[PDB]
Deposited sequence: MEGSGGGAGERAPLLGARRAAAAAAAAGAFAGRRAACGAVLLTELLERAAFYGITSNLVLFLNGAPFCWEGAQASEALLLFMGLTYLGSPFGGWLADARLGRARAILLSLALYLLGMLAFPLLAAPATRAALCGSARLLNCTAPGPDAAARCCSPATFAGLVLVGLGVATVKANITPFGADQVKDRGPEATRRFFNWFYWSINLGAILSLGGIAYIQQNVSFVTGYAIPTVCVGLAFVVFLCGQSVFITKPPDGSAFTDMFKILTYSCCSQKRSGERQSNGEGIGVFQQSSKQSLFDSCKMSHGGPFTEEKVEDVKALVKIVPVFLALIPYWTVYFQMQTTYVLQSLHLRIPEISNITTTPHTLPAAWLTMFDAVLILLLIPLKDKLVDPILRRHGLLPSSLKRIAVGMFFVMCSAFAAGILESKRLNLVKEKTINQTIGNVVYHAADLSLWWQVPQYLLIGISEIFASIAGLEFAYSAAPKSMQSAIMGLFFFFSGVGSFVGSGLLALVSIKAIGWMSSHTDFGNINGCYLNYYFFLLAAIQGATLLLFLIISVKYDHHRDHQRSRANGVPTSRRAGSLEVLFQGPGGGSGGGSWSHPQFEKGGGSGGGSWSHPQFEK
């Protein structure tokens, strides 16, 4: 009956996530190549801006879907734009057609910026709109049907990301870039075809109107006021609740900065470490580290929720949401410290010994030290993620009315994107000639350890301020 509609949503989400993670994983290696004479800092900033845009356009995508247009039509248009970007990327990667784009230190900046902008907007709208759509397609049956559907959605997202980070990343790093970038385009084309042909069997609703319009109208009109202006008391109470919720995300911003460093600068460091070779010369993909962290997250969340939580509740001593957020930020602190220590050790070691390794088309003068010592940073990032990202939304939901979902998620994604933008801005600020931290794709002449220590220090200041505020709050 409804399996023709739920399956289409599941498949579309799987293909979309596979394409997105295929693009994001090997973008730093792609830009730091032959067609583009981009440095490490510039490529890291570009990928950080791309991720920040993808996560910051989500509230605007939701407002576009709800206030006007529609939900299904918004997903369709976003998939069209995202496929346009997925056609822009391989046409640029192929040597033959790159001449038509940019034949005559950013060789093809306009094309690689237009493609990134279009992909970011499409991904933002699809990510903001697909989950309410999937919930709507099954909400009629009952809570248990929605629970089963969202178990399937959880697994679909995980397998999409894992299959991407394994296969597409391996192909892009070792086999070629044209095929490894056409595969996500084929995935997006299949997703678009599935959604277009599956549109007739979908259950759609007219545009209702998100709470963002009421938020902005109240803010422009304006403790606020009750039953004095046109707005009702319930809307004012909801806006006050959201204002009370915002500071948690405002404090979580540096957390998301350090998190989104995961596959921007940690990947660069991994490229500049000694990556093992797994074939007679196919090196290990640099995205397999974040794939391993994702596998750890999948293996641990059921483990956590089924072992730690039940006995913790039975024996007491359970921590509140804010304590879990603080623990997550402390683990982020430790991850940044570990990254700084590793980078300092690598920079001290490379002063005399360096081995030339090739990863794709470009040759990296890596150090002797092995890649596997970077595992603690990724493990700490994953543990901090499970401790903090979930607890933040749990607290926000516990402090918001039950009628305001998809607005908590919108603000959460918006502040995550703001954190990514802040990280990119900090990298650019330390990239100036006044400081000269990264004013030397080789980062051996740069100072990445100082940048990692700065991230750790700002995270520490934020954590101490958060704890001092939370003592009074609790």
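- Several segments of the deposited sequence are absent from the coordinates, namely 1-31, 136-149, 268-298, 357-360, 521-524, 559-619.
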